[PDB]
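Have a look at the structure below before the remarks.
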Amino acid sequence: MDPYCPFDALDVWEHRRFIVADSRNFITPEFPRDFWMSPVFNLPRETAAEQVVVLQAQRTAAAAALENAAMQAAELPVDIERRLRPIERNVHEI
Amino acid sequence: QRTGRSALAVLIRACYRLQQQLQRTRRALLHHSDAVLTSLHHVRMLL
């Protein structure tokens, strides 16, 4: 698991003034690596398909209530013509 | 002559207009609830 590197180590001392050819070192933490713990990404069990099932069941349940309300409100036009026509005839009797 | 023949005119005008006032309620209250039904169907059409 060691990355390949031909060269071991080299040395020409670090005078703060004489910095030339500005490269950048690999910045590392001071803590032992063992707690830089492992990669884990876990799925939500509710799947893109499962939410489809749940929301479709909800849509189909709501459609029944919408149809119930429509059929409750679809009888009012029958009520108007069932209630007012006899009243119009009674007025006509005069 | 003019007494009884003009007295009945008030009731004539009342009845011949009460005949139309109910017709207006018949028409005006049917073109309004149909909007409610259309809105309900539109809401279902959103689903």
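In the structure tokens, the first chain shown is A, the next is B, and so on; residue numbers restart at 1 for each chain, and ligands run from 1 in the order shown.
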With 8 Å as the limit and counting only C-alpha atoms, what residues in chain A lie close to chain B? Please list them as a ChimeraX atom specification.
/A:59,63,66,70,73-74,76-77,80-81,84,88,91-92,94
May I ask for the distance between CA of residue 62 in chain A and CA of residue 46 in chain B, given in Å to one decimal place?
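Taking CA of residue 62 in chain A and CA of residue 46 in chain B, their separation equals 11.7 Å.
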Which residues in range 3-85 of chain A does DSSP call helix (DSSP H, G or I)? List them as a PyMOL selection string.
chain A and resi 33-35+48-73+76-85
Deliver the residues from the most recent selection as a file, using N, CA, C and O atoms, as a short mmCIF file (atom, residue, chain, number, x, y, z; two decimals), in the first residue's frame.
```cif
data_model
loop_
_atom_site.label_atom_id
_atom_site.label_comp_id
_atom_site.auth_asym_id
_atom_site.auth_seq_id
_atom_site.Cartn_x
_atom_site.Cartn_y
_atom_site.Cartn_z
N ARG A 33 -2.54 8.52 12.26
CA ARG A 33 -3.46 8.32 11.14
C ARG A 33 -4.67 7.46 11.47
O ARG A 33 -5.68 7.56 10.77
N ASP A 34 -4.60 6.62 12.51
CA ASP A 34 -5.64 5.63 12.74
C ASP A 34 -7.02 6.25 12.92
O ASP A 34 -8.02 5.55 12.75
N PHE A 35 -7.11 7.53 13.25
CA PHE A 35 -8.40 8.10 13.62
C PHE A 35 -8.93 8.99 12.55
O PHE A 35 -10.00 9.59 12.71
N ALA A 48 -35.68 5.88 -4.03
CA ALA A 48 -36.37 6.67 -5.04
C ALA A 48 -37.63 5.97 -5.53
O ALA A 48 -38.63 6.63 -5.85
N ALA A 49 -37.61 4.63 -5.59
CA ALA A 49 -38.81 3.88 -5.95
C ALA A 49 -39.81 3.82 -4.80
O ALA A 49 -41.02 3.89 -5.04
N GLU A 50 -39.33 3.67 -3.56
CA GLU A 50 -40.23 3.54 -2.42
C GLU A 50 -41.02 4.82 -2.15
O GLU A 50 -42.21 4.75 -1.81
N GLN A 51 -40.37 5.98 -2.27
CA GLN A 51 -41.10 7.24 -2.15
C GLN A 51 -42.15 7.38 -3.25
O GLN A 51 -43.22 7.94 -3.01
N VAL A 52 -41.85 6.87 -4.45
CA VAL A 52 -42.86 6.84 -5.51
C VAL A 52 -44.07 6.03 -5.06
O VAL A 52 -45.22 6.47 -5.23
N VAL A 53 -43.85 4.85 -4.48
CA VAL A 53 -44.96 4.02 -4.04
C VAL A 53 -45.78 4.73 -2.97
O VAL A 53 -47.02 4.77 -3.03
N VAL A 54 -45.11 5.32 -1.97
CA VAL A 54 -45.82 5.96 -0.87
C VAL A 54 -46.63 7.16 -1.37
O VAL A 54 -47.81 7.31 -1.05
N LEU A 55 -46.01 8.02 -2.18
CA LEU A 55 -46.70 9.21 -2.65
C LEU A 55 -47.79 8.87 -3.67
O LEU A 55 -48.80 9.57 -3.72
N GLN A 56 -47.62 7.81 -4.46
CA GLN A 56 -48.70 7.35 -5.33
C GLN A 56 -49.88 6.80 -4.54
O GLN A 56 -51.03 7.05 -4.91
N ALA A 57 -49.61 6.05 -3.46
CA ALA A 57 -50.70 5.62 -2.59
C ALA A 57 -51.44 6.81 -2.00
O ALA A 57 -52.67 6.82 -1.95
N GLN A 58 -50.70 7.83 -1.56
CA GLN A 58 -51.33 9.05 -1.07
C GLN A 58 -52.14 9.77 -2.14
O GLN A 58 -53.24 10.26 -1.85
N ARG A 59 -51.62 9.84 -3.37
CA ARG A 59 -52.37 10.47 -4.46
C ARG A 59 -53.67 9.72 -4.75
O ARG A 59 -54.72 10.34 -4.93
N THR A 60 -53.61 8.39 -4.81
CA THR A 60 -54.81 7.60 -5.05
C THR A 60 -55.80 7.68 -3.89
O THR A 60 -57.01 7.58 -4.12
N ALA A 61 -55.31 7.84 -2.66
CA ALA A 61 -56.22 8.05 -1.53
C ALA A 61 -56.88 9.42 -1.60
O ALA A 61 -58.07 9.56 -1.28
N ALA A 62 -56.13 10.45 -2.02
CA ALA A 62 -56.70 11.79 -2.12
C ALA A 62 -57.69 11.90 -3.27
O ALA A 62 -58.65 12.67 -3.18
N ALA A 63 -57.47 11.15 -4.36
CA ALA A 63 -58.40 11.17 -5.48
C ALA A 63 -59.78 10.67 -5.09
O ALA A 63 -60.78 11.20 -5.58
N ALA A 64 -59.85 9.65 -4.23
CA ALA A 64 -61.15 9.16 -3.76
C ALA A 64 -61.90 10.23 -2.98
O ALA A 64 -63.11 10.40 -3.17
N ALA A 65 -61.21 10.96 -2.11
CA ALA A 65 -61.86 12.05 -1.38
C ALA A 65 -62.28 13.18 -2.32
O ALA A 65 -63.35 13.77 -2.13
N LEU A 66 -61.46 13.49 -3.33
CA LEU A 66 -61.85 14.50 -4.31
C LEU A 66 -63.11 14.09 -5.05
O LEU A 66 -64.01 14.91 -5.25
N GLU A 67 -63.20 12.82 -5.45
CA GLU A 67 -64.40 12.33 -6.12
C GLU A 67 -65.61 12.32 -5.19
O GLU A 67 -66.72 12.60 -5.63
N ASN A 68 -65.40 11.98 -3.91
CA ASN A 68 -66.49 12.06 -2.94
C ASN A 68 -67.02 13.48 -2.82
O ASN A 68 -68.24 13.71 -2.84
N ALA A 69 -66.12 14.46 -2.71
CA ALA A 69 -66.55 15.85 -2.64
C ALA A 69 -67.24 16.30 -3.92
O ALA A 69 -68.24 17.02 -3.86
N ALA A 70 -66.74 15.87 -5.08
CA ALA A 70 -67.37 16.24 -6.34
C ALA A 70 -68.78 15.67 -6.44
O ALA A 70 -69.71 16.38 -6.83
N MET A 71 -68.95 14.40 -6.07
CA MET A 71 -70.27 13.79 -6.11
C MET A 71 -71.20 14.38 -5.06
O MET A 71 -72.43 14.37 -5.25
N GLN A 72 -70.66 14.88 -3.95
CA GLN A 72 -71.49 15.60 -2.99
C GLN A 72 -71.93 16.95 -3.55
O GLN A 72 -73.06 17.39 -3.31
N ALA A 73 -71.05 17.62 -4.29
CA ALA A 73 -71.36 18.91 -4.88
C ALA A 73 -72.01 18.80 -6.26
O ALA A 73 -72.50 19.81 -6.77
N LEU A 76 -76.13 19.44 -6.13
CA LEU A 76 -76.73 20.76 -5.93
C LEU A 76 -77.47 21.28 -7.16
O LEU A 76 -78.58 21.83 -6.98
N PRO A 77 -76.95 21.19 -8.39
CA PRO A 77 -77.76 21.62 -9.55
C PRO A 77 -79.06 20.86 -9.68
O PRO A 77 -80.04 21.43 -10.17
N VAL A 78 -79.09 19.59 -9.28
CA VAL A 78 -80.35 18.85 -9.26
C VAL A 78 -81.27 19.39 -8.16
O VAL A 78 -82.49 19.50 -8.36
N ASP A 79 -80.70 19.75 -7.01
CA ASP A 79 -81.51 20.33 -5.93
C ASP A 79 -82.18 21.62 -6.36
O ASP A 79 -83.34 21.86 -6.03
N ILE A 80 -81.45 22.49 -7.06
CA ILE A 80 -82.03 23.78 -7.43
C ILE A 80 -83.26 23.59 -8.31
O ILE A 80 -84.32 24.17 -8.05
N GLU A 81 -83.15 22.74 -9.32
CA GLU A 81 -84.23 22.49 -10.26
C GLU A 81 -85.31 21.57 -9.70
O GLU A 81 -86.40 21.50 -10.27
N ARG A 82 -85.03 20.87 -8.61
CA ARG A 82 -86.04 20.08 -7.91
C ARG A 82 -86.83 20.90 -6.90
O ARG A 82 -88.00 20.61 -6.65
N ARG A 83 -86.21 21.93 -6.32
CA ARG A 83 -86.87 22.74 -5.30
C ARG A 83 -87.57 23.97 -5.88
O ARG A 83 -88.64 24.34 -5.41
N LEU A 84 -86.99 24.61 -6.90
CA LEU A 84 -87.53 25.88 -7.37
C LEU A 84 -88.67 25.73 -8.37
O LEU A 84 -89.54 26.60 -8.44
N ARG A 85 -88.68 24.65 -9.16
CA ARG A 85 -89.74 24.44 -10.15
C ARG A 85 -91.12 24.32 -9.50
O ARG A 85 -92.07 24.95 -9.98
#
```
